[PDB]
Every structure is written in C-alpha cells, then in structure tokens.
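Protein chains in written order, with PDB author numbering: chain A, 3 to 42, 48 to 80; chain B, 2 to 80; chain C, 1 to 39, 50 to 80. Some notes on the structure that comes next.
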C-alpha cells in the first residue's frame, strides 16, 4: 500500500511541476509584453529585471525538484 | 505508523501547493486579461508581436491549469 | 521500513524544491502586478493581488505540513 502511494505521490508532483513550468512560460511572455510596452521609467526597468531574475531562479528550482523525483526508484 | 502518516502529510502538502498554483494561475489570467484588453482596445498599437505573445500566454495558462487537474486527480486516487 | 522511508524523504525534498519554484513565481507576479499598475482595470488588478496574497498563504500551509514530517 505505502509503495503504491509513494508512486502516486511521485506522479502527482511530476504533474504539478509541469503546471509550474507552463506558468513560468506564461510569466516569460507577460514580462516580455510589459517590457515592450515601456516608455523609451527607470524604476519599472529595474523591477522588470528583478522579475526576470526571479523567473530564472524559479526554473532552477523546478529542475532541482524534477531531478530529485528522478532519483526515486 | 511512520511511513503511512508521512504519506498522508505529503498528500496534504501537495494539495496545498497545488492550490497555491491555482491561485497564481488566477493572478496570471487577470494579468493577461488586463494586458489583452489594453492592447485590443487600442489598435494593436503595441505591435502584432504583443498580441501573439499574449495569445501564447493564454495557451500556456490553459496547459498549466490542465496539469493541476491531472495532479489533483492523481492525489484523489491515494487512500 | 527504510526503502519507503528514504523515498518519502526524497518526495519531501522534491516538494520543498517545487515550493521554492512557486515562491519565486510569486515574487515575479508581485513585480509584474506592481509594474502593470504603474503603467475596471483597478478592480481586476485588485483581484489579482488578492489571489497572489492567498497563493502565498497556501505555500506557507504546504511548508508547515512538510515541517511536520519526521
């Protein structure tokens, strides 16, 4: 019973991780759009760059999670 | 019952994380909506690339929403 | 027993990493909502901010549950 449930938990997180990846892709596009709509504002530029860094870190963490899940056998 | 109890706690944790993702998906939907409304209310004044990327963002979000449904469906099968 | 215990620990670490990813997304959402404001729209952005604050609370709840695993 436990072993089956551990396998189900693993699959659940894999799916959750896919949802997070697709949301990261949504965030990339929203940031692109906001950048494109800028007035060519110094402060908005700063904040958008911080968002980009946060997004890149989000990607690294999801890779970490996926790699951890891969180690379950 | 150590392992059984921890499996219950893991299930609860993922359910909470999944809901966190759902609420963030709602944030994303409102954001894309605001931006698509702005862009569509003008001409494509920002440029056609903005409309395309906003359309792609909407598809991405629909995909993200379906992946949560799949995760929740899997958790639901845990006794 | 120990094999399942180890995989439980791995599942725990994986969810912790996923939660880190979500917190990072929440931080990007914060900055985008802020920037979108600076640039009925008010209503929709207030709902977005409301959803975001709730999202933060669900991660806190998740982390609390993970912390109880020992």
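By construction, the Cβ of each residue, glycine as well, lies at the ideal position given by its N, Cα and C atoms.
> Who are the neighbours of residue 29 (chain B) on chain A, taking C-beta pairs under 8 Å?
Replying inline: 25, 28, 29, 32
> Under a CB-based cut-off of 8 Å, is residue 47 (chain A) close to chain B?
Replying inline: Any structural detail on residue 47 (chain A) is unavailable, because chain A resumes at 48 straight after 42.
> Thinking C-alpha only, which one of C:3, C:8, C:1, C:2 is nearest residue 75 (chain A)?
Replying inline: C:8
> What in chain A is Cβ-close to residue 10 (chain B), meaning under 8 Å?
Replying inline: Near residue 10 (chain B) there are no residues of chain A at all, since even the closest Cβ is about 11 Å away, more than 8 Å.
> Which term fits residue 69 (chain A), buried or exposed, when burial requires 16 or more other beta carbons within 10 angstroms of its beta carbon?
Replying inline: buried
>> For residue 25 (chain C) and residue 25 (chain A), which I take to be in contact (beta-carbon distance under 8 Å), what is that distance rounded to the nearest angstrom?
In response: 6 Å
>> So with CB distances below 7 Å, who are the chain D contacts of residue 13 (chain A)?
In response: This model lacks chain D altogether; the protein chains it does include are A, B and C.
> Along chain A, which residues have their Cβ under 7 Å away from the Cβ of residue 54 (chain B)?
Replying inline: 31, 34, 35
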